[PDB]
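Chemist: Supplied in structure tokens, the structure appears directly below.
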Amino acid sequence: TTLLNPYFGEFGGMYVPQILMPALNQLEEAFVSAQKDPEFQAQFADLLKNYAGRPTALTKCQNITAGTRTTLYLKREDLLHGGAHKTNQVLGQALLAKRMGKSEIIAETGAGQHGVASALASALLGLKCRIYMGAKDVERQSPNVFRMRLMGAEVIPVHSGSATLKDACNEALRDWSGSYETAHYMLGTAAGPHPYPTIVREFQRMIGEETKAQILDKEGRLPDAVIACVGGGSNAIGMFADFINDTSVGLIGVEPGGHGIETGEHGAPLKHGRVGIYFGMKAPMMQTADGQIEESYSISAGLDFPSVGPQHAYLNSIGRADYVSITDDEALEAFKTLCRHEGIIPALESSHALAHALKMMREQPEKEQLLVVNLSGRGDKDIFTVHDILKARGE
Amino acid sequence: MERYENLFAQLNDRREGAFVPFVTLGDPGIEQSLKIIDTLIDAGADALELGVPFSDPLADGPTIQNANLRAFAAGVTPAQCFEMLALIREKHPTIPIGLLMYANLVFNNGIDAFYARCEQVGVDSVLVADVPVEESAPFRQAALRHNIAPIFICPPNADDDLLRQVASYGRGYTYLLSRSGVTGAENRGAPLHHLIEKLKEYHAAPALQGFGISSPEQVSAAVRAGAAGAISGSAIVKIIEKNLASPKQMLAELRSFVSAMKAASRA
Ligand SMILES: O=P(O)(O)OCCNS(=O)(=O)c1ccc(OC(F)(F)F)cc1
Ligand SMILES: *Cc1c(COP(=O)(O)O)cnc(C)c1O
Ligand SMILES: [Cl-]
Ligand SMILES: [Cl-]
Ligand SMILES: [Cl-]
Ligand SMILES: [Cl-]
Ligand SMILES: [Cl-]
Ligand SMILES: [Cl-]
Ligand SMILES: [Cl-]
Ligand SMILES: [Cl-]
Ligand SMILES: [Cs+]
Ligand SMILES: [Cs+]
Ligand SMILES: [Cs+]
Ligand SMILES: [Cs+]
Ligand SMILES: [Cs+]
Ligand SMILES: [Cs+]
């Protein structure tokens, strides 16, 4: 029995060991209560405004679109405290943990942004934070690991399975399966067992709500389409949510195409994977023919969650949202383009969304279109990656 | 078939508990795993719980995480596991064989087809570790269509509604969890006689206590509390891990251990 529907069509559910069901029911009840609680909402809004810096800018990018009939705005989640949209929902979940009387936080991280976001929220709000991270990710994300430690978090390498994000996801759930009475599991995307896909959407939906108000103010209408990259789905669902009922507004999710869909080295489960059951949910995922979970490949480490949130799979199934892919090379060009023509260094994750918008413009340059790209983060973290690619290809 | 029903009736006639080891199929390779399993049986195992190697065993502690990894290192696939299971059943006609699965391996090629393959090879039960009662319907329905017992987990904190659900839905045995957390011999768990009594009142499948069982005294205690028997996994797998370099010594130590554990179950 649950208060809310755990499914989006056929997708979603609560595929956890029986021992964890009371933790999910507790979290759901606490969420439902918090959403009706004006004091909770006020506290959340206060942190978002005065600590994280909301509302974020909506920037019109004129240089990039000059000579076409595309008008392109970027929603500047890159300007949020921490440098990515992840900060919004970790503040909300930290408040839910406190509402439930918990003083400890568990989190998984891959590339490290969720770990950092969890560590910062936990530092601010007096929670003891422990973060699981695949050992291969630990080795390759020394900056983010150091940030987490500076913020007082315990970072625990995970050596099991593939020693990457999915293995950290497992380890977090193993811990919670014994510690849920005192610890909250601060899941990092709009995926996993109910109620997480719902909670994360609701704690990211200010992106789309702001975008809608900002576009109406500047343009006097709704956008033709809003475009967002899709790793696990949090930034995209946060942009999309407030527009779902605006049937004229296109919702475009961009999965990583890696070296190319046809190579198999990609991270695009929604369009090119197979539905399975893993990480507490029924959803498209990257898996072998016999059902072992595989890795999502992208130049962008932040787009390596090997599945996708169930609400995206549902919105695709009914044709409300459309999902596309962008390759490493396309993302890299978009990254370079934004730096050179707008003076904004985008995260390589976000660069996938921008690349698709640039394609929409370039393919049909005399099509009138008002587009918003969710610029989910800044790309300072990516400059070494990009430097290394440009040098290796001899640019 | 009725392999668990027959086993528990026979054990009852002897005022005897069941001892049930867990191992990972194909750990540390197919041939040695087959010999391990024959040893467990010869040494006194009443039933088996057998794991299919899975990439993401999120209810398992490090001991069994490592067992899965060793089987993967040996190239073990679900298909090869089903080959193993057919051969185990062809050697041993009455011993109940239960699988420990994760949901993706069951759903992968279709839930019905998975349980049909279990029936074909002579498996008696399936426990899907990441499927709670709330999600169980297609799994338990397919199990029963194929004469497979769906095994439900009873947490040590189960309320009356859950006990009634597990009692009604389950067959074969009811898995009585010792404690919260994940598999492992390090953490000893369960104070379960209250649940045991309620499950009996609700005509549940007989209870087997599992998680943290690593010593004879715990087997004795489980039966004394009214359970039909006990499951031990990590303690068995630790003997495999410790003795990888000497397959002969591995089998000798497995035999000794299982003999002692089974002795604890006797009246
Ligand atoms: O002796 P231990 O502590 O290793 O326990 C061994 C148990 N092996 S098993 O196949 O029964 C088993 C039973 C249930 C499990 O998870 C679940 F409860 F969530 F379903 C996992 C393994
Ligand atoms: C984490 C991250 C993503 C991908 O995660 P989603 O849950 O899909 O949003 C995208 N962009 C940035 C900058 C990120 O930090
Ligand atoms: Cl509901
Ligand atoms: Cl459903
Ligand atoms: Cl105006
Ligand atoms: Cl449109
Ligand atoms: Cl540099
Ligand atoms: Cl049976
Ligand atoms: Cl037999
Ligand atoms: Cl199969
Ligand atoms: Cs601002
Ligand atoms: Cs323009
Ligand atoms: Cs994805
Ligand atoms: Cs399927
Ligand atoms: Cs029953
Ligand atoms: Cs005894």
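Going by the structure tokens order, chains are called A, B, ..., each with residues numbered from 1, while ligands are numbered from 1 in the order shown.
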May I have the residues within 8 Å of ligand 14, computed using only C-alpha atoms and all ligand atoms, as a list in words?

Modeler: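 Going residue by residue within 8 Å of ligand 14, we get residues 275 and 276 of chain A; 107, 108, 109, 110 and 111 of chain B.
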
Chemist: Run DSSP on the backbone and grab whatever in stretch 95-223 of chain B lands in alpha helix (DSSP H); send it over as a PyMOL selection string.

Modeler: chain B and resi 103-107+111-121+137-145+160-169+193-201+216-223

Chemist: Dump the neighbourhood of ligand 5 as a PyMOL selection string: all residues within 8 Å, distances computed on only C-alpha atoms and all ligand atoms.

Modeler: chain A and resi 216-220

Chemist: Between A:284, A:267, A:38, A:126, which one has atoms that come closest to chain B, using only C-alpha atoms?

Modeler: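 Selected residue with least distance to chain B: A:284.
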
Chemist: Starting from chain B, keep only residues with some atom at most 8 Å from an atom of chain A, counting only C-alpha atoms, and report them as number ranges by chain.

Modeler: B: 54-62, 65-66, 69, 77-78, 103-105, 107-109, 129-135, 153-155, 180-182

Chemist: Quick one: residues within 8 Å of residue B:95, only C-alpha atoms, excluding same-chain residues fewer than 2 positions away - as a VMD selection string?

Modeler: chain B and resid 3 7 46 to 48 92 to 93 97

Chemist: Grab me every residue within 12 Å of ligand 6, counting only C-alpha atoms and all ligand atoms, and send it over as number ranges by chain.

Modeler: A: 222-227, 243, 246-252, 320-322, 367-372
